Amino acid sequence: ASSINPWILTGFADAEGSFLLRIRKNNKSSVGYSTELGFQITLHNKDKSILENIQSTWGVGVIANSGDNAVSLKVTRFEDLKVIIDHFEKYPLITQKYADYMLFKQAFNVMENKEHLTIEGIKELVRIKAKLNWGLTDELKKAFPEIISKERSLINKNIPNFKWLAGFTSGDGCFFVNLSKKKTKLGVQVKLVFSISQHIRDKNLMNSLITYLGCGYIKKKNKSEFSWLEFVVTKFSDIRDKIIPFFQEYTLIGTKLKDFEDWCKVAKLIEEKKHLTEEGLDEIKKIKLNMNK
């Protein structure tokens, strides 16, 4: 296993990490509840190597299958959480997930004091959990109606450095070869697309990518009640002169690195105008077939 640059790791955690606070009804526990605090990343099987590298970097965490297609790294051994905290104190998250991290830290402090072994400490964990991720289940709310949770901190941080973006892109980004039929004797337009997807809660961060990368635009997307954003670059001069040199310098991790490598092969053919030939179109369709999914 290889170690991962810490800012790349934090950017990847902003895109792929989740904090965890289990408060479980437990007939064997003196206070009727047991707890489990943690941090986890779930990826496709093909990216198991990233999880082994993170495990090797931090020296913590257990890896297991997550269903038929995915694999997780989960850190819940309590002493190992100190490694997680030590990392994110030095290399802080910048999406809204930073607020979940802060709630995770509060829960750590409660459990370090063994307060979770008292009913009052369980109550304090429920207060913290109420704003963490999806919040309290209805079943738990019914158990602790008394609870009043402090409102959730809205995060508005800047991108700390390019390595963070390399990690974030390795998680939530997409390098895509768009083919769209036209009329023309050739008949197909080849267009390279770079995009990053994110929940609308981080509108500010996503909007800032345009200024930070000096190209792109934001698309708002919806699906029933859910909404998210796409930062998108389609202009070939920006792909060739901004996006490609950026990730050539700030190296992606995992399978997305291979997608980016194939994507650049297509950019080369496009720069040589080989995409407006039948022989070059063959080559590009071959590269596209071998990418992503």
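Residue indices: 1-based, along the sequence shown.
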**OP:** Determine, for stretches 4 to 12 and 282 to 290, which one has the higher mean CA B-factor as deposited.
**Re:** 282 to 290
Subject >> Of 158 to 166 and 179 to 187, the one with larger mean CA B-factor >> reply: 179 to 187
**OP:** Pick out which of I196, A107, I148, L73 has the highest C-alpha B-factor in the PDB entry.
**Re:** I148
Subject >> Residue of maximum C-alpha B factor among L132, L213, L93, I85, per deposited coordinates >> reply: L213
**OP:** State the tercile, meaning the lowest, middle or highest third, of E36 with respect to the CA B-factors recorded for its chain.
**Re:** lowest
Original post:
How does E139 rank on Cα B-factor within its chain, lowest, middle or highest third?
Top reply: highest
Subject >> Position of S227 among the chain's modelled residues by C-alpha B-factor, lowest, middle or highest third >> reply: highest
Original post:
Compared with the other modelled residues in the chain, in which third is the CA B-factor of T42?
Top reply: lowest
Original post:
In terms of the chain's CA B-factor thirds, is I270 lowest, middle or highest?
Top reply: middle
